[PDB]
Every structure is written in C-alpha cells, then in structure tokens.
Number of protein chains: 2
Amino acid sequence: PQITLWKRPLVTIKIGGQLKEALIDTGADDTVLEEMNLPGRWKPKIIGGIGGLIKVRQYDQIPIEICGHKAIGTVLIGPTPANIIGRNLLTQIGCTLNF
Amino acid sequence: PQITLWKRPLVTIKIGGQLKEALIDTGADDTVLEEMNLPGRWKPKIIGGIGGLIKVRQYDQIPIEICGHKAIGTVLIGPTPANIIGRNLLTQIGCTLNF
C-alpha cells in the first residue's frame, strides 16, 4: 500500500509460523531481526551504523512474508531494538520511495 | 520522483546554502548530518544507532531542502559516516513508501 512517515513505518511480517512487527527501512542495506531461532547453518557478518561496526549472525535464503508479500533472502540476527526490513528484501516486494 | 531500492537512496540536499548527498532513511526518526557548520542555538544530544551511541549537536528550526523540496525542522550535526534524512523532514516533502 502507501505508508506515510508521520510515525515509524512498522508493518506485520511473518517468519516461520510467527507474526512479528518490523520496520520498513530504506536506510538499511540488510535485513536485521531481533534474536530468534532460525534453521540451518549461519556465517558471521560485520555490519555498521552510527555508533560503529558490529558482528552479527547471517542466515541465507530465508522465506519471509512482508505485509502479505513473499520474499526470500538474507536475514541477519543481532541485538537490534526492532525488527528491520532492509533493501535486500524491499526490492523483492517492489517497495519504492515516492514524492 | 519514484526511487527504487536496488542501491542506497542517496539524493541531493541543501543546507546552509550548500549542496550535499544524503540518504533517504525511513528507519530514522531524526536527521543527522556529517560535521559541518550551523546557525542559531544548539544543545547536545546523545543518539543511538546499530553500533552504539554518538553525542551530537541538535539544531532546531533549520531550513533545509531535499531535491529542491523545502522543509524546516530539527537537524543533528555529529560524527555520522553519512548524511541521513529522517522522517521528521521526509513527511515535510510528502515522501511515502509504496508497494
């Protein structure tokens, strides 16, 4: 749909059989979710933001649904205050910025 | 315009009579810019990002332009890796997410 930015762009997403809240973040290269259990092997990955770099866990080819749109891609797990949906998944559901 | 997310949404902004590249960040509550110069009162402020915290200078009622679109609001100046446009200004230029 069309989401305004008066408030944080939090939408529902589903991963596994679980409903979660996540932020549509055009400023995130990657998708970062709050600590949770995911299937299969992982590899380490260093990411950064204001504040510095940080090492987190990287899981690949993870099915995820965002506002009813299915996507598959890399998901990172780390100490984030919120579930973040980044550009790697946003492009997959055809999400764009407009003004 | 309509901006896809295959690459970082960098756009031209103008502040203090100077043009610059800045990231359209729907995941940012605030607007933070790389060390520069600004007028009027400023007061410190600590803010958090994915790698920890940084102390910045908060400036209120700062006129700024994004792609020539006028906005006025709070702007933080500090050691950020890159200029970040937050929702506080994006709402002001009618920027929305679509998919």
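This entry lists X-ray crystallography as its structure determination method and reports a resolution of 2.01 Å.

This part covers the nonpolar core. Soluble globular proteins: nonpolar side chains tend toward being buried together. Judged by nonpolar contacts, the single largest core of 48 residues is most densely connected at A:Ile85 and B:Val75. Excluding residues within four positions of it along the chain, B:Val75 makes contact with B:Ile15, B:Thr31, B:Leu33, B:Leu38, B:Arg57, B:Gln58, B:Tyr59, B:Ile62, B:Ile64 and B:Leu89. Grouped together as the second largest cluster of nonpolar side chains are eight residues, B:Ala28, B:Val32, B:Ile47 and B:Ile54 included.

Summed over all chains, the structure comprises zero aromatic pairs over all chains. It is B:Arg57 that lies over the ring of B:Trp42; its NZ or CZ is 5.8 Å from the centre.

Superposition record for chain A on chain B: RMSD 0.8 Å, screw rotation 177°, translation along axis 0.4 Å. One copy is carried onto the other by what is essentially a two-fold rotation axis. A symmetric contact is evident, with 94% of the interface residues of chain A recurring at the interface of chain B.

Glancing now at the interface of chain A and chain B. Every contact between the two is made by 36 residues of chain A and, on the other side, 38 residues of chain B. For the pair chain A and chain B, the two sides together bury roughly 3,600 Å², of which 63% comes from carbon and sulfur. Where chain A meets chain B, there are two salt bridges. Among the salt bridges present, the one from A:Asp29 reaches B:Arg8, with a minimum N-O distance of 2.8 Å. Connecting chain A to chain B are 23 residue pairs in polar contact.

Cut-offs and rules
- Residues numbered from 1 in each chain as written, not as in the entry; some residues may be left out.
- Chains lettered and ligands numbered in written order.
- Heavy atoms only, no water.
- Core = buried A, V, L, I, M, F, W, Y, C linked by side-chain atoms within 4.5 Å.
- Buried < 20%, exposed > 50% of the residue type's maximum accessible area, 1.4 Å probe, protein only.
- Contact = heavy atoms within 4.5 Å.
- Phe/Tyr/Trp six-rings, centres within 6.5 Å; stacked < 30°, edge-to-face > 60°.
- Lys NZ or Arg CZ within 6 Å of the ring centre and 35° of its normal.
- Least-squares fit on C-alpha atoms.
- Buried area = accessible area lost by both parts, 1.4 Å probe.
- Salt bridge = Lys/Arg side-chain N within 4 Å of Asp/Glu carboxyl O.
- Polar contact = N/O pair within 3.5 Å; in protein donor to acceptor, adjacent residues only side chain to side chain.

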